[PDB]
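Peer 1: According to mature numbering (1 follows the signal peptide of the UniProt record, and there is no 0), the residues represented by the sequence shown are 205 to 520, in order. C-beta: ideal position from N, C-alpha, C; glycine also. Sharing a structure here in structure tokens format.
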Amino acid sequence: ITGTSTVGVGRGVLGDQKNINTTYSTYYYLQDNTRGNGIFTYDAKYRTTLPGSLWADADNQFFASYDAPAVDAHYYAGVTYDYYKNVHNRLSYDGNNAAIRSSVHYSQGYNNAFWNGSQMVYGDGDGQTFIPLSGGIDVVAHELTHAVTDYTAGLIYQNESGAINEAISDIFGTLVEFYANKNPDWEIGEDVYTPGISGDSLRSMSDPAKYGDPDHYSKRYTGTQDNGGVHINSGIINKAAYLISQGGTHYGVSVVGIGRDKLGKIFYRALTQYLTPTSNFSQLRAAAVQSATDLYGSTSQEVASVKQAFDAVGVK
Ligand SMILES: NNC(=O)CCC(=O)O
Ligand SMILES: [Ca+2]
Ligand SMILES: [Ca+2]
Ligand SMILES: [Ca+2]
Ligand SMILES: [Ca+2]
Ligand SMILES: [Zn+2]
Numbered sequence: 205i206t207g208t209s210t211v212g213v214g215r216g217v218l219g220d221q222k223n224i225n226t227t228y229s230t231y232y233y234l235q236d237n238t239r240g241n242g243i244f245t246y247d248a249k250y251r252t253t254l255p256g257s258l259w260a261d262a263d264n265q266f267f268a269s270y271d272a273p274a275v276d277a278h279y280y281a282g283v284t285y286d287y288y289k290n291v292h293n294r295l296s297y298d299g300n301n302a303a304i305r306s307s308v309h310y311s312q313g314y315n316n317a318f319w320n321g322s323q324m325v326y327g328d329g330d331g332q333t334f335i336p337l338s339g340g341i342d343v344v345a346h347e348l349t350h351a352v353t354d355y356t357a358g359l360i361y362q363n364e365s366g367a368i369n370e371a372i373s374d375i376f377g378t379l380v381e382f383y384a385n386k387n388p389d390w391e392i393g394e395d396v397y398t399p400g401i402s403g404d405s406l407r408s409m410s411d412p413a414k415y416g417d418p419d420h421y422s423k424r425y426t427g428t429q430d431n432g433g434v435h436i437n438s439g440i441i442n443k444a445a446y447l448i449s450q451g452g453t454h455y456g457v458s459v460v461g462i463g464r465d466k467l468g469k470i471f472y473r474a475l476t477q478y479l480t481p482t483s484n485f486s487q488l489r490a491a492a493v494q495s496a497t498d499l500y501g502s503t504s505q506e507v508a509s510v511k512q513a514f515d516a517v518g519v520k
């Protein structure tokens with residue numbers, strides 16, 4: 205809407221206070237005009253019709269329990285925008301400052317979040333498996349990264365291409381979590397998963413097998429569940445990315461880590477210059493090797509480490 209840019213304050217899903225960019229015109233709206241063509245957060249009001257109504261608040265204070273998922277969806281979308289702009293010189297998901305739209309309170313007891321082709325959508329969880337899913341910065345950045353992928357490589361959402369699509373979202377979701385530097389880790393969803401169980405998460409990048417996901421190509425899922433295992437076989441690529449950044453010896457193959465910032469540069473270049481809608485794992489290895497070569501040189505440690513990491517997970 206048309207109005208003047210303002211700064212509200214509220215509390216997120218985990219009870220942390222944060223400032224949020226709003227817009228005033230009669231009400232205060234969750235509309236951040238400081239980033240691109242705006243970040244807009246909507247109330248789906250427990251329904252499944254999208255987007256719902258642009259979030260409106262009478263006093264610019266967002267401390268009600270009902271407000272918390274909106275505060276975090278809005279704030280973490282901003283952090284993710286800042287990551288892509290400051291770290292990769294990318295302006296929003298399309299590279300042209302497209303407006304970023306999110307809806308919260310989607311459905312009833314909904315244990316998921318997604319990018320629907322046009323916007324991000326967050327359930328509240330059932331209170332046992334999940335709390336509201338926008339409480340996880342890695343979740344928010346994972347979802348916005350699906351938009352980045354769709355506008356760049358365009359990896360189709362099935363089989364190996366879809367597992368790459370998933371791993372890209374887990375990788376950048378994790379790199380955004382490190383960028384914000386609040387309790388960062390290589391786990392996915394730990395801040396919103398199972399409020400009754402400490403120390404778990406939905407997936408692990410450092411040890412995918414902790415939750416049953418494969419960490420080697422020989423262990424890949426070959427059936428039809430989960431669109432051909434997109435959230436399962438992503439573990440193979442997640443492990444490779446983790447090794448590239450942090451190093452390790454895995455199935456007897458030693459990898460010298462090169463750090464998160466270089467991991468991000470290599471995979472961002474692979475995503476935006478070399479991957480295609482039907483790329484498979486072997487083609488991702490080639491894309492990553494070429495990206496590291498472009499950035500660091502063919503004889504560089506960075507290139508050598510990319511090769512070792514894909515070797516360690518059995519991807520030639
Ligand atoms: N394809 N989308 C989903 O399965 C929702 C969760 C995710 O973002 O991966
Ligand atoms: Ca209020
Ligand atoms: Ca964390
Ligand atoms: Ca995490
Ligand atoms: Ca938990
Ligand atoms: Zn995903």
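What's the C-alpha gap between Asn315 and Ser483?
Peer 2: 30 Å
Peer 1: Pick from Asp515, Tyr383, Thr476: whose alpha carbon is nearest that of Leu447?
Peer 2: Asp515
Peer 1: Under the assumption that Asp247 contacts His278 (Cβ atoms under 8 Å), give the Cβ distance between them as a whole number of angstroms.
Peer 2: Rounded, the Cβ-Cβ distance is 11 Å, inconsistent with contact.
Peer 1: What I want to know is whether the C-beta of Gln221 ends up closer than 7 Å to one or more non-hydrogen atoms of ligand 2.
Peer 2: no
Peer 1: Could you pull out every residue in the same chain whose Cβ sits closer than 8 Å to the Cβ of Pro388, ignoring the five residues on either side in sequence?
Peer 2: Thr378, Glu381, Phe382
Peer 1: Beta-carbon separation of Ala351 and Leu337 under 8 Å?
Peer 2: no
Peer 1: Closer than 6 Å from C-beta to any heavy atom of ligand 2: which residues, in chain order?
Peer 2: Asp261, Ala262, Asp263, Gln265, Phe266
Peer 1: Indicate whether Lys414 and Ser408 have their beta-carbon atoms separated by less than 8 Å.
Peer 2: For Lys414 and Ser408, yes; Cβs fall inside 8 Å.
Peer 1: Of the choices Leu295, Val396, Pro255, whose alpha-carbon is the least far from that of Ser322?
Peer 2: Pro255
Peer 1: DSSP state of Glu394, grouped into three classes?
Peer 2: coil
Peer 1: Please report the Cβ distance between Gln477 and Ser449, rounded to the nearest whole angstrom; I am assuming they are in contact, meaning their Cβ atoms lie under 8 Å.
Peer 2: With a Cβ gap of about 20 Å, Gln477 and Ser449 do not count as contacting.
Peer 1: Provide the residue(s) that pair with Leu499 in DSSP beta bridges, ordered along the chain.
Peer 2: DSSP, once it has assigned bridges, lists no residue as partnering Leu499.
Peer 1: Count the other CB atoms within 10 Å of the CB of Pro273; is the residue buried (16 or more) or exposed (fewer)?
Peer 2: buried
Peer 1: Ligand 3 and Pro399: does any heavy atom of the ligand fall closer than 7 Å to the residue's C-beta?
Peer 2: no
Peer 1: Three or more C-beta pairs closer than 8 Å, one from the segment 395-408 and one from the segment 323-333: is that the case here?
Peer 2: yes
Peer 1: Within a Cβ cutoff of 6 Å, which residues of the same chain sit near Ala491, ignoring the five residues on either side of it in sequence?
Peer 2: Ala474, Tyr478, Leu479
Peer 1: Please check the pair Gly393 and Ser405, which I expect to be a contact at CB under 8 Å, by giving their CB distance rounded to whole angstroms.
Peer 2: 5 Å
Peer 1: DSSP beta-bridge partners for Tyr233?
Peer 2: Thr227, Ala260
Peer 1: Once the 5 residues before and after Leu295 are set aside, which same chain residues still bring their CB inside 7 Å of it?
Peer 2: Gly240, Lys289, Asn301
Peer 1: Give me the pocket residues for ligand 3, defined as CB within less than 7 Å of any heavy atom, sorted by chain position.
Peer 2: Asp342, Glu381, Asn387, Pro388, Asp389, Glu391, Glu394, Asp395
Peer 1: Using the beta-carbon count (16 or more within 10 Å), is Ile401 buried or exposed?
Peer 2: exposed
Peer 1: Count the other CB atoms within 10 Å of the CB of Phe267; is the residue buried (16 or more) or exposed (fewer)?
Peer 2: exposed
Peer 1: Could you pull out every residue in the same chain whose Cβ sits closer than 7 Å to the Cβ of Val457, ignoring the five residues on either side in sequence?
Peer 2: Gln512, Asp515, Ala516
Peer 1: For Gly501 and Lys469, what's the separation of their Cα atoms in angstroms?
Peer 2: 14 Å
Peer 1: Answer yes or no: the CB of residue 532 versus the heavy atoms of ligand 5, is any distance below 7 Å?
Peer 2: Since the displayed the chain opens at 205 and closes at 520, residue 532 lies outside it and no answer follows.
Peer 1: Would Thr226 be called buried (16 or more neighbouring beta carbons within 10 Å of its own) or exposed?
Peer 2: buried
Peer 1: From which residue to which residue does the alpha helix (DSSP H) around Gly439 run?
Peer 2: 438-450
Peer 1: Roughly how many angstroms separate the alpha carbons of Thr503 and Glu347, rounded to a whole number?
Peer 2: Between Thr503 and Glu347, the C-alpha separation is close to 35 Å.
Peer 1: Below 8 Å between beta carbons: does that hold for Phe485 and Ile436?
Peer 2: no
Peer 1: Grab the span of the alpha helix (DSSP H) containing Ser307 for me, first residue to last.
Peer 2: Element bounds for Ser307: not the alpha helix (DSSP H) but the beta strand (DSSP E), 304-310.
Peer 1: In the segment 283-355, which residue ranges form an unbroken beta strand (DSSP E) of at least 3 residues, counting only runs that do not cross its ends?
Peer 2: 304-310, 317-319, 324-327
Peer 1: Who are the near neighbours of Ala508 in its chain, counting only those whose CB is closer than 8 Å to its CB and skipping five residues on each side?
Peer 2: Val460
Peer 1: So, for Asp261: in the same chain, excluding its five sequence neighbours on each side, which residues have a beta-carbon less than 8 Å away from its beta-carbon?
Peer 2: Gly212, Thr226, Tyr231, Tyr232, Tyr233, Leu234, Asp271
Peer 1: By DSSP, does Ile243 sit in helix, in strand, or in coil?
Peer 2: strand
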